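Peer 1: Have a look at the structure that comes next, please.
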Amino acid sequence: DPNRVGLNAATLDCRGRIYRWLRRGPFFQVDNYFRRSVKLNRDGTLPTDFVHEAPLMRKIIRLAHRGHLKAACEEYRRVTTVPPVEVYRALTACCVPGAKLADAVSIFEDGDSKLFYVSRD
RNA sequence: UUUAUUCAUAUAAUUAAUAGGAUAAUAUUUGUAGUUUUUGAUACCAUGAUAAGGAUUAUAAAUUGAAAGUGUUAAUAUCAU
């Protein structure tokens, strides 16, 4: 659904909404923007299949297959959707020939518990 | 003669209520439950400030340093069920 990508926001009109805005947690904007966004679908598959974020994943996999770990990490910072499993496979396989264990463990732990277990592969 | 404030005459602004999200043994969920929502009692109480007069202690040349406590009359005045 490429047409219905987007989220509407509020206006903070009444006094109780102002009091709720002043009583909100430390992560209220990013949490509600993340949970109002992509989530596990009705049949159980991942929300990976995103149209607008599709060529960024191709660029990340293309840069992690040529050995460019830092550029793939830099365009991994630009992701909004849950990235596919092939991103984590390409990133970890880029981490193998340099023996970079800490970067591979961080790559796994980023998608392990935070991103619906996409790196648990 | 110009300007900081003051004053004149033109103005915009209006309402109400909560909602927990990774590493948690399974609820998909949140424009939903609210409508005739709250901002509505400045009074005649007997307050309190002002001025004025009293007494006690120093018999040491030491110490950085011989300084501190206790009582009465006039006028003015008193807007909270």
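Each chain of the structure tokens is named A, B, ... in the order shown, its residues numbered from 1; ligands are numbered from 1 in display order.
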Tell me the residues of chain B close to chain A, meaning within 9 Å using only C-alpha atoms (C1' of nucleotides), as a PyMOL selection string.
Peer 2: chain B and resi 15-18+21-23
Peer 1: With a distance cut-off of 9 Å and only C-alpha atoms (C1' of nucleotides), select the neighbouring residues of range 90-92 of chain A, excluding the residue or stretch itself and same-chain residues fewer than 3 positions from it, and output the selection as an NGL selection string.
Peer 2: :A and (60-65 or 69 or 72-73 or 85-87 or 95-96 or 103-105 or 107-108)
Peer 1: Which of chain A counts as helix (DSSP H, G or I) under DSSP, as a PDB file with N, CA, C and O atoms, in the first residue's frame please?
Peer 2:
```pdb
ATOM      1  N   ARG A  15      -7.372  21.249  28.002  1.00  0.00           N
ATOM      2  CA  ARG A  15      -6.423  21.339  29.109  1.00  0.00           C
ATOM      3  C   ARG A  15      -5.943  19.963  29.559  1.00  0.00           C
ATOM      4  O   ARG A  15      -4.771  19.804  29.931  1.00  0.00           O
ATOM      5  N   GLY A  16      -6.822  18.958  29.505  1.00  0.00           N
ATOM      6  CA  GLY A  16      -6.417  17.605  29.847  1.00  0.00           C
ATOM      7  C   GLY A  16      -5.410  17.016  28.881  1.00  0.00           C
ATOM      8  O   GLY A  16      -4.535  16.248  29.285  1.00  0.00           O
ATOM      9  N   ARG A  17      -5.494  17.391  27.602  1.00  0.00           N
ATOM     10  CA  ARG A  17      -4.490  16.949  26.641  1.00  0.00           C
ATOM     11  C   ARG A  17      -3.145  17.625  26.880  1.00  0.00           C
ATOM     12  O   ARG A  17      -2.099  17.000  26.680  1.00  0.00           O
ATOM     13  N   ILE A  18      -3.153  18.877  27.350  1.00  0.00           N
ATOM     14  CA  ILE A  18      -1.910  19.544  27.737  1.00  0.00           C
ATOM     15  C   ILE A  18      -1.304  18.874  28.964  1.00  0.00           C
ATOM     16  O   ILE A  18      -0.083  18.688  29.048  1.00  0.00           O
ATOM     17  N   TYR A  19      -2.149  18.491  29.927  1.00  0.00           N
ATOM     18  CA  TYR A  19      -1.660  17.806  31.120  1.00  0.00           C
ATOM     19  C   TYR A  19      -1.123  16.418  30.788  1.00  0.00           C
ATOM     20  O   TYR A  19      -0.161  15.955  31.408  1.00  0.00           O
ATOM     21  N   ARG A  20      -1.735  15.745  29.812  1.00  0.00           N
ATOM     22  CA  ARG A  20      -1.221  14.460  29.350  1.00  0.00           C
ATOM     23  C   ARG A  20       0.098  14.633  28.607  1.00  0.00           C
ATOM     24  O   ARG A  20       1.003  13.799  28.733  1.00  0.00           O
ATOM     25  N   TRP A  21       0.230  15.723  27.844  1.00  0.00           N
ATOM     26  CA  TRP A  21       1.483  16.014  27.157  1.00  0.00           C
ATOM     27  C   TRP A  21       2.597  16.366  28.133  1.00  0.00           C
ATOM     28  O   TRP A  21       3.770  16.087  27.863  1.00  0.00           O
ATOM     29  N   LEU A  22       2.261  16.972  29.268  1.00  0.00           N
ATOM     30  CA  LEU A  22       3.272  17.268  30.273  1.00  0.00           C
ATOM     31  C   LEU A  22       3.529  16.098  31.212  1.00  0.00           C
ATOM     32  O   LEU A  22       4.501  16.139  31.973  1.00  0.00           O
ATOM     33  N   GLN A  29       6.916  10.365  21.759  1.00  0.00           N
ATOM     34  CA  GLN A  29       6.773  10.669  20.342  1.00  0.00           C
ATOM     35  C   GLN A  29       7.299   9.529  19.481  1.00  0.00           C
ATOM     36  O   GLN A  29       6.609   9.055  18.571  1.00  0.00           O
ATOM     37  N   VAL A  30       8.520   9.067  19.766  1.00  0.00           N
ATOM     38  CA  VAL A  30       9.127   8.018  18.954  1.00  0.00           C
ATOM     39  C   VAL A  30       8.441   6.677  19.187  1.00  0.00           C
ATOM     40  O   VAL A  30       8.301   5.882  18.252  1.00  0.00           O
ATOM     41  N   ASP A  31       7.930   6.435  20.399  1.00  0.00           N
ATOM     42  CA  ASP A  31       7.249   5.177  20.695  1.00  0.00           C
ATOM     43  C   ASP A  31       5.911   5.081  19.978  1.00  0.00           C
ATOM     44  O   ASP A  31       5.595   4.048  19.378  1.00  0.00           O
ATOM     45  N   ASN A  32       5.111   6.143  20.039  1.00  0.00           N
ATOM     46  CA  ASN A  32       3.821   6.124  19.366  1.00  0.00           C
ATOM     47  C   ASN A  32       3.978   6.221  17.857  1.00  0.00           C
ATOM     48  O   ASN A  32       3.164   5.659  17.118  1.00  0.00           O
ATOM     49  N   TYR A  33       5.025   6.899  17.379  1.00  0.00           N
ATOM     50  CA  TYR A  33       5.287   6.911  15.945  1.00  0.00           C
ATOM     51  C   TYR A  33       5.796   5.562  15.457  1.00  0.00           C
ATOM     52  O   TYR A  33       5.604   5.219  14.289  1.00  0.00           O
ATOM     53  N   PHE A  34       6.441   4.786  16.329  1.00  0.00           N
ATOM     54  CA  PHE A  34       6.934   3.473  15.936  1.00  0.00           C
ATOM     55  C   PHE A  34       5.841   2.413  16.005  1.00  0.00           C
ATOM     56  O   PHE A  34       5.800   1.511  15.163  1.00  0.00           O
ATOM     57  N   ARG A  35       4.947   2.502  16.989  1.00  0.00           N
ATOM     58  CA  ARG A  35       3.887   1.509  17.116  1.00  0.00           C
ATOM     59  C   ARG A  35       2.668   1.828  16.264  1.00  0.00           C
ATOM     60  O   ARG A  35       1.940   0.907  15.876  1.00  0.00           O
ATOM     61  N   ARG A  36       2.417   3.108  15.966  1.00  0.00           N
ATOM     62  CA  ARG A  36       1.410   3.450  14.967  1.00  0.00           C
ATOM     63  C   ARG A  36       1.874   3.065  13.570  1.00  0.00           C
ATOM     64  O   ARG A  36       1.049   2.809  12.687  1.00  0.00           O
ATOM     65  N   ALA A  54      12.234   0.243  -0.307  1.00  0.00           N
ATOM     66  CA  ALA A  54      12.800  -0.927  -0.979  1.00  0.00           C
ATOM     67  C   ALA A  54      14.190  -0.700  -1.581  1.00  0.00           C
ATOM     68  O   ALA A  54      15.056  -1.570  -1.381  1.00  0.00           O
ATOM     69  N   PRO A  55      14.486   0.387  -2.330  1.00  0.00           N
ATOM     70  CA  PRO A  55      15.845   0.483  -2.898  1.00  0.00           C
ATOM     71  C   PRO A  55      16.933   0.776  -1.880  1.00  0.00           C
ATOM     72  O   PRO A  55      18.110   0.527  -2.168  1.00  0.00           O
ATOM     73  N   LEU A  56      16.580   1.290  -0.699  1.00  0.00           N
ATOM     74  CA  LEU A  56      17.576   1.477   0.350  1.00  0.00           C
ATOM     75  C   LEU A  56      18.107   0.140   0.850  1.00  0.00           C
ATOM     76  O   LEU A  56      19.304   0.005   1.124  1.00  0.00           O
ATOM     77  N   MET A  57      17.232  -0.868   0.954  1.00  0.00           N
ATOM     78  CA  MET A  57      17.675  -2.206   1.335  1.00  0.00           C
ATOM     79  C   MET A  57      18.571  -2.814   0.267  1.00  0.00           C
ATOM     80  O   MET A  57      19.549  -3.502   0.588  1.00  0.00           O
ATOM     81  N   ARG A  58      18.255  -2.562  -1.007  1.00  0.00           N
ATOM     82  CA  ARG A  58      19.107  -3.027  -2.097  1.00  0.00           C
ATOM     83  C   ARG A  58      20.473  -2.360  -2.051  1.00  0.00           C
ATOM     84  O   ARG A  58      21.494  -3.012  -2.287  1.00  0.00           O
ATOM     85  N   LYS A  59      20.511  -1.068  -1.713  1.00  0.00           N
ATOM     86  CA  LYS A  59      21.784  -0.364  -1.583  1.00  0.00           C
ATOM     87  C   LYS A  59      22.591  -0.884  -0.398  1.00  0.00           C
ATOM     88  O   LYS A  59      23.818  -1.016  -0.487  1.00  0.00           O
ATOM     89  N   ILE A  60      21.916  -1.214   0.706  1.00  0.00           N
ATOM     90  CA  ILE A  60      22.607  -1.722   1.891  1.00  0.00           C
ATOM     91  C   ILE A  60      23.197  -3.103   1.613  1.00  0.00           C
ATOM     92  O   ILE A  60      24.355  -3.381   1.947  1.00  0.00           O
ATOM     93  N   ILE A  61      22.413  -3.975   0.972  1.00  0.00           N
ATOM     94  CA  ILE A  61      22.883  -5.319   0.637  1.00  0.00           C
ATOM     95  C   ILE A  61      23.984  -5.257  -0.418  1.00  0.00           C
ATOM     96  O   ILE A  61      24.960  -6.017  -0.365  1.00  0.00           O
ATOM     97  N   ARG A  62      23.881  -4.312  -1.354  1.00  0.00           N
ATOM     98  CA  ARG A  62      24.904  -4.131  -2.371  1.00  0.00           C
ATOM     99  C   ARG A  62      26.202  -3.579  -1.801  1.00  0.00           C
ATOM    100  O   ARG A  62      27.278  -3.913  -2.306  1.00  0.00           O
ATOM    101  N   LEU A  63      26.126  -2.754  -0.760  1.00  0.00           N
ATOM    102  CA  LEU A  63      27.323  -2.224  -0.125  1.00  0.00           C
ATOM    103  C   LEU A  63      27.930  -3.179   0.889  1.00  0.00           C
ATOM    104  O   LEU A  63      29.143  -3.128   1.117  1.00  0.00           O
ATOM    105  N   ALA A  64      27.126  -4.049   1.496  1.00  0.00           N
ATOM    106  CA  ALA A  64      27.639  -5.033   2.435  1.00  0.00           C
ATOM    107  C   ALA A  64      28.161  -6.285   1.750  1.00  0.00           C
ATOM    108  O   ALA A  64      28.825  -7.098   2.401  1.00  0.00           O
ATOM    109  N   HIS A  65      27.877  -6.459   0.463  1.00  0.00           N
ATOM    110  CA  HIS A  65      28.448  -7.557  -0.300  1.00  0.00           C
ATOM    111  C   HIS A  65      29.781  -7.196  -0.936  1.00  0.00           C
ATOM    112  O   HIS A  65      30.574  -8.095  -1.231  1.00  0.00           O
ATOM    113  N   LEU A  69      31.576  -1.913   4.963  1.00  0.00           N
ATOM    114  CA  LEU A  69      30.812  -2.066   6.195  1.00  0.00           C
ATOM    115  C   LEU A  69      30.351  -0.721   6.741  1.00  0.00           C
ATOM    116  O   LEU A  69      29.229  -0.608   7.245  1.00  0.00           O
ATOM    117  N   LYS A  70      31.192   0.310   6.635  1.00  0.00           N
ATOM    118  CA  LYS A  70      30.860   1.599   7.232  1.00  0.00           C
ATOM    119  C   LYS A  70      29.765   2.316   6.455  1.00  0.00           C
ATOM    120  O   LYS A  70      28.875   2.922   7.060  1.00  0.00           O
ATOM    121  N   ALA A  71      29.805   2.254   5.121  1.00  0.00           N
ATOM    122  CA  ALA A  71      28.742   2.862   4.326  1.00  0.00           C
ATOM    123  C   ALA A  71      27.420   2.134   4.510  1.00  0.00           C
ATOM    124  O   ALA A  71      26.366   2.774   4.576  1.00  0.00           O
ATOM    125  N   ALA A  72      27.464   0.805   4.631  1.00  0.00           N
ATOM    126  CA  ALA A  72      26.254   0.037   4.885  1.00  0.00           C
ATOM    127  C   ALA A  72      25.700   0.332   6.270  1.00  0.00           C
ATOM    128  O   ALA A  72      24.478   0.355   6.466  1.00  0.00           O
ATOM    129  N   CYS A  73      26.583   0.594   7.235  1.00  0.00           N
ATOM    130  CA  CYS A  73      26.132   1.007   8.559  1.00  0.00           C
ATOM    131  C   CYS A  73      25.564   2.421   8.536  1.00  0.00           C
ATOM    132  O   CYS A  73      24.635   2.732   9.289  1.00  0.00           O
ATOM    133  N   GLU A  74      26.109   3.290   7.680  1.00  0.00           N
ATOM    134  CA  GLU A  74      25.613   4.659   7.598  1.00  0.00           C
ATOM    135  C   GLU A  74      24.238   4.721   6.947  1.00  0.00           C
ATOM    136  O   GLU A  74      23.358   5.445   7.424  1.00  0.00           O
ATOM    137  N   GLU A  75      24.021   3.977   5.861  1.00  0.00           N
ATOM    138  CA  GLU A  75      22.669   3.924   5.316  1.00  0.00           C
ATOM    139  C   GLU A  75      21.760   2.957   6.061  1.00  0.00           C
ATOM    140  O   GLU A  75      20.559   2.927   5.774  1.00  0.00           O
ATOM    141  N   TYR A  76      22.283   2.175   7.007  1.00  0.00           N
ATOM    142  CA  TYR A  76      21.391   1.488   7.932  1.00  0.00           C
ATOM    143  C   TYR A  76      20.813   2.450   8.961  1.00  0.00           C
ATOM    144  O   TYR A  76      19.755   2.180   9.533  1.00  0.00           O
ATOM    145  N   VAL A  85      15.726  -9.654   6.473  1.00  0.00           N
ATOM    146  CA  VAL A  85      16.712 -10.570   7.029  1.00  0.00           C
ATOM    147  C   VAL A  85      17.968 -10.584   6.164  1.00  0.00           C
ATOM    148  O   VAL A  85      19.077 -10.824   6.662  1.00  0.00           O
ATOM    149  N   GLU A  86      17.823 -10.295   4.865  1.00  0.00           N
ATOM    150  CA  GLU A  86      18.967 -10.277   3.960  1.00  0.00           C
ATOM    151  C   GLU A  86      19.925  -9.134   4.273  1.00  0.00           C
ATOM    152  O   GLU A  86      21.129  -9.262   4.023  1.00  0.00           O
ATOM    153  N   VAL A  87      19.415  -8.034   4.836  1.00  0.00           N
ATOM    154  CA  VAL A  87      20.272  -6.958   5.339  1.00  0.00           C
ATOM    155  C   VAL A  87      21.180  -7.463   6.451  1.00  0.00           C
ATOM    156  O   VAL A  87      22.390  -7.217   6.444  1.00  0.00           O
ATOM    157  N   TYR A  88      20.613  -8.202   7.406  1.00  0.00           N
ATOM    158  CA  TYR A  88      21.404  -8.702   8.525  1.00  0.00           C
ATOM    159  C   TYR A  88      22.372  -9.786   8.075  1.00  0.00           C
ATOM    160  O   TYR A  88      23.503  -9.858   8.573  1.00  0.00           O
ATOM    161  N   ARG A  89      21.955 -10.605   7.106  1.00  0.00           N
ATOM    162  CA  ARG A  89      22.835 -11.626   6.544  1.00  0.00           C
ATOM    163  C   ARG A  89      24.019 -10.996   5.824  1.00  0.00           C
ATOM    164  O   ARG A  89      25.168 -11.403   6.030  1.00  0.00           O
ATOM    165  N   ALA A  90      23.760  -9.973   5.003  1.00  0.00           N
ATOM    166  CA  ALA A  90      24.831  -9.301   4.276  1.00  0.00           C
ATOM    167  C   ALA A  90      25.750  -8.522   5.208  1.00  0.00           C
ATOM    168  O   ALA A  90      26.970  -8.525   5.010  1.00  0.00           O
ATOM    169  N   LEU A  91      25.194  -7.897   6.250  1.00  0.00           N
ATOM    170  CA  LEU A  91      26.006  -7.136   7.195  1.00  0.00           C
ATOM    171  C   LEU A  91      26.897  -8.051   8.025  1.00  0.00           C
ATOM    172  O   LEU A  91      28.089  -7.773   8.210  1.00  0.00           O
ATOM    173  N   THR A  92      26.347  -9.167   8.509  1.00  0.00           N
ATOM    174  CA  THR A  92      27.151 -10.101   9.284  1.00  0.00           C
ATOM    175  C   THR A  92      28.190 -10.806   8.419  1.00  0.00           C
ATOM    176  O   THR A  92      29.325 -11.008   8.866  1.00  0.00           O
ATOM    177  N   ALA A  93      27.845 -11.130   7.166  1.00  0.00           N
ATOM    178  CA  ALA A  93      28.818 -11.720   6.256  1.00  0.00           C
ATOM    179  C   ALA A  93      29.893 -10.720   5.854  1.00  0.00           C
ATOM    180  O   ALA A  93      30.999 -11.123   5.484  1.00  0.00           O
ATOM    181  N   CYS A  94      29.587  -9.424   5.905  1.00  0.00           N
ATOM    182  CA  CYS A  94      30.633  -8.419   5.773  1.00  0.00           C
ATOM    183  C   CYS A  94      31.487  -8.338   7.031  1.00  0.00           C
ATOM    184  O   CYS A  94      32.668  -7.983   6.956  1.00  0.00           O
ATOM    185  N   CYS A  95      30.908  -8.652   8.188  1.00  0.00           N
ATOM    186  CA  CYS A  95      31.680  -8.653   9.425  1.00  0.00           C
ATOM    187  C   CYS A  95      32.582  -9.874   9.583  1.00  0.00           C
ATOM    188  O   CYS A  95      33.531  -9.811  10.372  1.00  0.00           O
ATOM    189  N   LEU A 101      33.897  -8.976  15.580  1.00  0.00           N
ATOM    190  CA  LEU A 101      32.865  -9.694  16.316  1.00  0.00           C
ATOM    191  C   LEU A 101      31.882  -8.741  16.986  1.00  0.00           C
ATOM    192  O   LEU A 101      30.683  -9.031  17.040  1.00  0.00           O
ATOM    193  N   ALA A 102      32.371  -7.602  17.487  1.00  0.00           N
ATOM    194  CA  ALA A 102      31.515  -6.676  18.225  1.00  0.00           C
ATOM    195  C   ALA A 102      30.492  -6.012  17.315  1.00  0.00           C
ATOM    196  O   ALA A 102      29.332  -5.829  17.706  1.00  0.00           O
ATOM    197  N   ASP A 103      30.898  -5.671  16.089  1.00  0.00           N
ATOM    198  CA  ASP A 103      29.966  -5.101  15.123  1.00  0.00           C
ATOM    199  C   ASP A 103      28.905  -6.113  14.713  1.00  0.00           C
ATOM    200  O   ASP A 103      27.735  -5.757  14.554  1.00  0.00           O
ATOM    201  N   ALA A 104      29.284  -7.387  14.578  1.00  0.00           N
ATOM    202  CA  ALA A 104      28.316  -8.412  14.204  1.00  0.00           C
ATOM    203  C   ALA A 104      27.346  -8.705  15.341  1.00  0.00           C
ATOM    204  O   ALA A 104      26.151  -8.924  15.102  1.00  0.00           O
ATOM    205  N   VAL A 105      27.836  -8.693  16.583  1.00  0.00           N
ATOM    206  CA  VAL A 105      26.964  -8.889  17.738  1.00  0.00           C
ATOM    207  C   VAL A 105      26.002  -7.714  17.886  1.00  0.00           C
ATOM    208  O   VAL A 105      24.817  -7.902  18.179  1.00  0.00           O
ATOM    209  N   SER A 106      26.478  -6.492  17.620  1.00  0.00           N
ATOM    210  CA  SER A 106      25.596  -5.327  17.662  1.00  0.00           C
ATOM    211  C   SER A 106      24.566  -5.357  16.537  1.00  0.00           C
ATOM    212  O   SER A 106      23.409  -4.970  16.743  1.00  0.00           O
ATOM    213  N   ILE A 107      24.965  -5.836  15.354  1.00  0.00           N
ATOM    214  CA  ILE A 107      24.046  -5.976  14.227  1.00  0.00           C
ATOM    215  C   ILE A 107      22.960  -6.995  14.545  1.00  0.00           C
ATOM    216  O   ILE A 107      21.778  -6.774  14.250  1.00  0.00           O
ATOM    217  N   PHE A 108      23.332  -8.096  15.198  1.00  0.00           N
ATOM    218  CA  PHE A 108      22.338  -9.084  15.601  1.00  0.00           C
ATOM    219  C   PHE A 108      21.424  -8.549  16.695  1.00  0.00           C
ATOM    220  O   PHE A 108      20.203  -8.722  16.627  1.00  0.00           O
ATOM    221  N   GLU A 109      21.989  -7.884  17.703  1.00  0.00           N
ATOM    222  CA  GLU A 109      21.206  -7.428  18.842  1.00  0.00           C
ATOM    223  C   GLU A 109      20.331  -6.227  18.519  1.00  0.00           C
ATOM    224  O   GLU A 109      19.398  -5.941  19.276  1.00  0.00           O
ATOM    225  N   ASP A 110      20.616  -5.513  17.428  1.00  0.00           N
ATOM    226  CA  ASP A 110      19.745  -4.422  17.007  1.00  0.00           C
ATOM    227  C   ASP A 110      18.394  -4.950  16.539  1.00  0.00           C
ATOM    228  O   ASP A 110      17.343  -4.431  16.926  1.00  0.00           O
ATOM    229  N   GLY A 111      18.404  -5.976  15.700  1.00  0.00           N
ATOM    230  CA  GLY A 111      17.178  -6.582  15.236  1.00  0.00           C
ATOM    231  C   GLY A 111      16.699  -7.777  16.030  1.00  0.00           C
ATOM    232  O   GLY A 111      15.675  -8.364  15.666  1.00  0.00           O
ATOM    233  N   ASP A 112      17.410  -8.170  17.090  1.00  0.00           N
ATOM    234  CA  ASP A 112      17.042  -9.376  17.824  1.00  0.00           C
ATOM    235  C   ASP A 112      15.777  -9.171  18.644  1.00  0.00           C
ATOM    236  O   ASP A 112      14.737  -9.762  18.355  1.00  0.00           O
TER     237      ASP A 112
END
```
Peer 1: Which residues come within 9 Å of residue 80 in chain A, counting only C-alpha atoms (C1' of nucleotides), excluding same-chain residues fewer than 3 positions away, as a list in words?
Peer 2: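 Near residue 80 in chain A, the qualifying residues are residues 34, 53, 77 and 83 of chain A.
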Peer 1: Could you dump the residues just selected with N, CA, C and O atoms as a compact mmCIF listing (two decimals), in the first residue's frame?
Peer 2:
```txt
# COMPACT_ATOMS: atom_id res chain seq x y z
N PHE A 34 6.44 4.79 16.33
CA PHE A 34 6.93 3.47 15.94
C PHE A 34 5.84 2.41 16.01
O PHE A 34 5.80 1.51 15.16
N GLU A 53 10.75 2.13 0.99
CA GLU A 53 12.06 1.84 1.54
C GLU A 53 12.72 0.64 0.87
O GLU A 53 13.68 0.09 1.41
N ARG A 77 21.48 3.58 9.21
CA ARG A 77 20.95 4.56 10.14
C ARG A 77 19.72 5.26 9.57
O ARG A 77 18.89 5.76 10.33
N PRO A 83 14.00 -3.62 8.63
CA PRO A 83 14.78 -4.09 7.48
C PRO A 83 14.65 -5.59 7.30
O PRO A 83 14.35 -6.31 8.26
```
Peer 1: Report the distance between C1' of residue 31 in chain B and CA of residue 3 in chain A in Å, rounded to one decimal place.
Peer 2: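 Separation of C1' of residue 31 in chain B and CA of residue 3 in chain A: 22.0 Å.
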Peer 1: With only C-alpha atoms (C1' of nucleotides) as the atoms that count, which of B:26, B:69, B:78, B:34 lies nearest to residue 46 in chain B?
Peer 2: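 The answer is B:78, which sits nearest to residue 46 in chain B.
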Peer 1: Distance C1' of residue 71 in chain B-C1' of residue 49 in chain B, one decimal place?
Peer 2: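 Going from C1' of residue 71 in chain B over to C1' of residue 49 in chain B covers 21.2 Å.
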Peer 1: Residues near residue 80 in chain B, anyone? I mean within 12 Å using only C-alpha atoms (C1' of nucleotides), not counting same-chain ones fewer than 5 positions away, as a PyMOL selection string.
Peer 2: chain B and resi 41-45
Peer 1: Which one of B:30, B:76, B:2, B:35 sits closest to residue 48 in chain B if you count only C-alpha atoms (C1' of nucleotides)?
Peer 2: B:76
